[PDB]
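Take a look at the structure below.
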Amino acid sequence: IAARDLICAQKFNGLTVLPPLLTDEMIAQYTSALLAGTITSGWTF
Amino acid sequence: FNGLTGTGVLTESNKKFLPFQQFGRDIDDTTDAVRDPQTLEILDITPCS
Ligand SMILES: *[C@@H]1O[C@H](CO)[C@@H](O[C@@H]2O[C@H](CO)[C@@H](O)[C@H](O)[C@H]2NC(C)=O)[C@H](O)[C@H]1NC(C)=O
Ligand SMILES: *[C@@H]1O[C@H](CO)[C@@H](O[C@@H]2O[C@H](CO)[C@@H](O)[C@H](O)[C@H]2NC(C)=O)[C@H](O)[C@H]1NC(C)=O
């Protein structure tokens, strides 16, 4: 995971990789919210 | 270094170059490590920002 790395995506000649807007934790929270809502409420949510 | 040109940042490294080997390579077939011909110490190359 890109935690300690000193931003080393670029490679020696005008080539860069950009990070995604949504981090993985936010996606996990979205999935958890959807699943809890469908377990408790059904389709009405 | 020894004819080959380049630009970047030099840092001390602790690689394991064989005695007859001069410099290193990378998956992107680019220079990544050098051995300076004055003290025979491995040196690492970092690209510019
Ligand atoms: C930018 O470089 C500096 C180099 O000083 C990084 O600072 C490090 O910060 C961590 C946590 O605060 C310390 O444990 C390290 O000791 C620091 N480095 C040094 C050499 O002392 C900083 O994290 C870097 N920033 C990014 C975003 O990569
Ligand atoms: C090539 O580099 C220098 C050129 O004079 C010499 O290496 C150093 O020489 C001084 C004496 O002038 C010593 O005190 C150092 O310990 C030497 N450095 C090393 C790494 O040996 C020498 O002529 C040559 N050195 C080598 C390693 O071939």
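First to last, the protein sequences are chains B and A. In terms of the deposited numbering, the first sequence has 863 at position 23, counting the first letter as 1, and numbering is strictly consecutive. In terms of the deposited numbering, the second sequence has 568 at position 29, counting the first letter as 1, and numbering is strictly consecutive. Virtual Cβ for every residue (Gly too), placed ideally from N, Cα, C.
Residue i: contacting residues in chain A (beta-carbon distance under 7 Å)
| i | result |
| --- | --- |
| B/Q850 | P586 |
Under 8 Å between C-beta atoms of residue i and residue j
| i | j | result |
| --- | --- | --- |
| A/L582 | A/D571 | no |
| B/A849 | B/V857 | yes |
| A/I584 | A/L543 | no |
| A/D568 | B/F852 | no |
| A/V573 | A/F559 | no |
Residues that DSSP places opposite residue i in a beta bridge
| i | result |
| --- | --- |
| A/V573 | A/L582 |
| A/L549 | A/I584 |
Span separating the alpha-carbon of residue i from that of residue j
| i | j | result |
| --- | --- | --- |
| B/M866 | B/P859 | 14 Å |
| A/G545 | B/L874 | 53 Å |
| B/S872 | B/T878 | 10 Å |
| A/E551 | A/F540 | 15 Å |
| B/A876 | B/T884 | 13 Å |
| A/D565 | A/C587 | 17 Å |
**Message:** To be precise: take each residue of the region 561-586 of chain A, compare its Cβ to all Cβ atoms of chain B, and keep it if any distance is under 8 Å. Which residues remain?
**Reply:** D567, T569 and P586
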